[PDB]
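Here the structure is laid out as structure tokens; the discussion comes afterwards.
In the text below, chain A, chain B and the rest are named by the order of the sequence lines, each starting its count at 1. In what follows, every heavy atom counts, from backbone to side chain, and hydrogens, waters and symmetry copies are set aside.
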Amino acid sequence: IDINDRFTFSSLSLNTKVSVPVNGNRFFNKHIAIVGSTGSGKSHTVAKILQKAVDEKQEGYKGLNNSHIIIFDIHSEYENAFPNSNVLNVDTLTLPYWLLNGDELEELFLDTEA
Amino acid sequence: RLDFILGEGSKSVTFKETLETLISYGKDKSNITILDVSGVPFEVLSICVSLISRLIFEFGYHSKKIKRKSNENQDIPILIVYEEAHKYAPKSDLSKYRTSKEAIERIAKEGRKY
Ligand SMILES: Nc1ncnc2c1ncn2[C@@H]1O[C@H](COP(=O)(O)OP(=O)(O)O)[C@@H](O)[C@H]1O
Ligand SMILES: [Mg+2]
């Protein structure tokens with residue numbers, strides 16, 4: 001990996017001094033699949049990758065970078081990992097029903113069993 | 001047979017009195033509340049299980065809505081035991097047990113927060 005495209009969020013298991021970079025150019029645009037069991041730490045791995053993707057900058061400016069990450073947080077756990085983020089629960093989200101398509105609008109209102 | 005669901009006592013019972021009966025917060029307080037549904041009719045057993053399951057669920061749901069306001073550690077954690085869990089929650093899509101399926105599934109997906 002080139003030094004500009006290097007993205008480090010982990011180190012080698014058998015050698016903690018060896019940083020393991022990924023091609024962060026190619027790490028994100030192609031889709032990522034983080035798989036493990038419950039209690040393996042995949043919520044921590046997701047959080048650590050996104051923290052590393054947020055604090056990093058081009059160094060020519062001061063402020064927020066251009067990362068845009070949307071988390072479908074269902075266990076109410078990523079509030080702590082990103083304290084300076086925008087969190088939207090039911091009491092704050094306003095999702096318009098009219099932006100739903102015909103397929104979504106059928107499930108919201110009809111019953112399908114009868 | 002349907003005196004528990006349609007008797008004269010069921011007309012005059014208070015909504016508060018129903019919850020403390022199902023949860024054992026009445027005059028006689030108990031940690032365990034046995035719900036003997038042996039003599040309940042089978043065409044009615046789905047209706048009674050679904051209602052008690054929902055009433056306990058919104059008891060825990062509405063407890064969290066005052067807990068955000070009260071911001072104090074005073075919780076009532078509830079564990080519901082379903083002997084013959086395959087009966088009130090079958091994989092069959094037949095209409096006889098859909099109400100008890102929907103109530104148990106609602107505790108399965110959302111009951112962890114509440
Ligand atoms: N890279 C890591 N190093 C050390 N401990 C970790 C690491 N990742 C997760 N853990 C710990 O393991 C536990 C598992 O949580 P986590 O893996 O985030 O849950 P899940 O895998 O169920 O989403 C966490 O409490 C965390 O403290
Ligand atoms: Mg998790």
Side-chain angles (χ1 to χ4, degrees), chain A residues 28-38 40 42-43 45-47 49-50 67-82 85-114, chain B residues 5 15 18-19 22 35 37 40-69 77-114:
Chain A
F28 285 116
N29 45 336
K30 295 145 186 33
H31 314 298
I32 322 156
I34 305 197
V35 291
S37 274
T38 81
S40 64
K42 79 192 97 58
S43 298
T45 306
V46 163
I49 287 164
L50 301 176
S67 320
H68 307 290
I69 299 130
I70 285 137
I71 319 183
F72 278 100
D73 183 38
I74 172 147
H75 285 304
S76 272
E77 47 183 326
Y78 289 108
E79 291 76 70
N80 224 62
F82 319 101
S85 46
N86 286 355
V87 198
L88 303 152
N89 33 64
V90 177
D91 313 278
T92 55
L93 206 29
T94 301
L95 277 184
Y97 63 80
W98 40 274
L99 281 189
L100 295 173
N101 70 342
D103 288 67
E104 277 146 5
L105 259 203
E106 263 173 288
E107 322 206 320
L108 186 55
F109 289 108
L110 312 183
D111 88 9
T112 63
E113 295 287 338
Chain B
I5 207 63
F15 164 63
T18 308
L19 266 296
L22 289 179
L35 255 50
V37 287
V40 186
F42 309 104
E43 65 295 351
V44 152
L45 182 47
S46 209
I47 293 325
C48 88
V49 168
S50 157
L51 162 86
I52 297 166
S53 291
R54 152 162 38 87
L55 279 192
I56 294 166
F57 170 76
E58 324 186 17
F59 181 80
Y61 169 79
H62 286 296
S63 67
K64 259 54 207 172
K65 304 263 161 303
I66 83 192
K67 183 177 175 60
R68 189 175 62 178
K69 293 181 64 179
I78 303 185
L79 171 80
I80 320 186
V81 180
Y82 289 92
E83 292 286 310
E84 305 267 88
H86 61 275
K87 170 193 314 332
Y88 331 104
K91 34 182 71 173
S92 306
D93 250 23
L94 186 70
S95 190
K96 65 310 188 193
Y97 264 110
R98 194 211 31 81
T99 38
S100 74
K101 210 183 145 313
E102 185 113 28
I104 293 183
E105 167 159 347
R106 166 153 326 111
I107 314 172
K109 315 278 218 333
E110 334 188 28
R112 254 174 84 189
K113 154 182 281 213
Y114 303 124

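Using a 4.5 Å heavy-atom cutoff, the side chains of A:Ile32 and A:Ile49 are not in contact. With contacts defined as side-chain heavy-atom distances shorter than 4.5 Å, the pair B:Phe42/B:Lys96 does not qualify.
Distance check, rounded to the nearest 0.5 Å: CG of A:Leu88 to OG1 of A:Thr94 gives 9.0 Å. Interatomic distance, A:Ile70 CD1 to A:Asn86 CG, rounded to the nearest 0.5 Å: 11.0 Å. Between atom OG1 of residue B:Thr99 and atom CD1 of residue B:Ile104 there is a gap of 10.0 Å, rounded to the nearest 0.5 Å. A distance of 5.5 Å separates CG in B:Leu55 from CG in B:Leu19, rounded to the nearest 0.5 Å. Interatomic distance, B:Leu51 CG to B:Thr18 OG1, rounded to the nearest 0.5 Å: 8.5 Å. Taking CG from A:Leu50 and CD1 from A:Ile69, the interatomic distance works out to 4.5 Å, rounded to the nearest 0.5 Å.
At least one test fails for B:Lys64 against the ring of B:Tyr61: distance under 6.0 Å to the centre or angle within 45° of the axis.
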Output, in order, the C-alpha distance, side-chain angles, deciding distance and verdict of side-chain contact (heavy atoms from CB on, under 4.5 Å) for B:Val37 and B:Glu84.
CA-CA 11 Å; B:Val37 287; B:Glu84 305 267 88; over 6 Å; no

Apply side-chain contact (heavy atoms from CB on, under 4.5 Å) to residues B:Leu45 and B:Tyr97 and explain how you reach the verdict.
CA-CA 9 Å; B:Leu45 182 47; B:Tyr97 264 110; 4.1 Å; yes

Would B:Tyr82 and B:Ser53 count as a side chain to side chain donor-acceptor pair (under 3.5 Å) here? Give the steps.
CA-CA 10 Å; B:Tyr82 289 92; B:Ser53 291; 2.2 Å; yes

Stepwise salt bridge (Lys or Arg N to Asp or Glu O under 4.0 Å) check, A:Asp111 with B:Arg98
CA-CA 12 Å; A:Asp111 88 9; B:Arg98 194 211 31 81; over 6 Å; no

Should A:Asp73 and A:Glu79 be marked as a side-chain contact (heavy atoms from CB on, under 4.5 Å) after you check the CA-CA gap, both sets of side-chain angles, and the distance that decides it?
CA-CA 9 Å; A:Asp73 183 38; A:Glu79 291 76 70; 2.9 Å; yes

Test side-chain contact (heavy atoms from CB on, under 4.5 Å) on B:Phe59 and B:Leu22 and set out the steps.
CA-CA 11 Å; B:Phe59 181 80; B:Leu22 289 179; over 6 Å; no

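When every heavy atom of B:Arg54 is checked against every heavy atom of B:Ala103, the shortest pair comes out as N-CB, 4.4 Å. Closest approach of B:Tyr88 and B:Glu83 over heavy atoms only: CE1-O, 3.1 Å.
By the neighbour-count criterion of 12 heavy atoms within 6.0 Å, atom CD of B:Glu43 is densely surrounded, having more than that number from other residues, nucleotides or ligands. Surrounding CD1 of A:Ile74 are at most 12 heavy atoms belonging to other residues, nucleotides or ligands under 6.0 Å away. Residue A:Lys42 places its NZ atom among more than 12 non-hydrogen atoms of other residues, nucleotides or ligands, all under 6.0 Å distant. Around CG of A:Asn80, the count of heavy atoms belonging to other residues, nucleotides or ligands within 6.0 Å does not exceed 12.
Judged by distance alone, with hydrogens and angles left aside, the side-chain atoms of A:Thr92 form a donor-acceptor pair with the main-chain N or O of A:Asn89 at under 3.5 Å. A donor-acceptor distance shorter than 3.5 angstrom exists from the side chain of A:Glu104 to the backbone of A:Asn101, with no hydrogens or angles considered.
When only modelled atom types and interatomic distance are considered, A:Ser85 and A:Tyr78 share no side-chain donor-acceptor pair under 3.5 Å.
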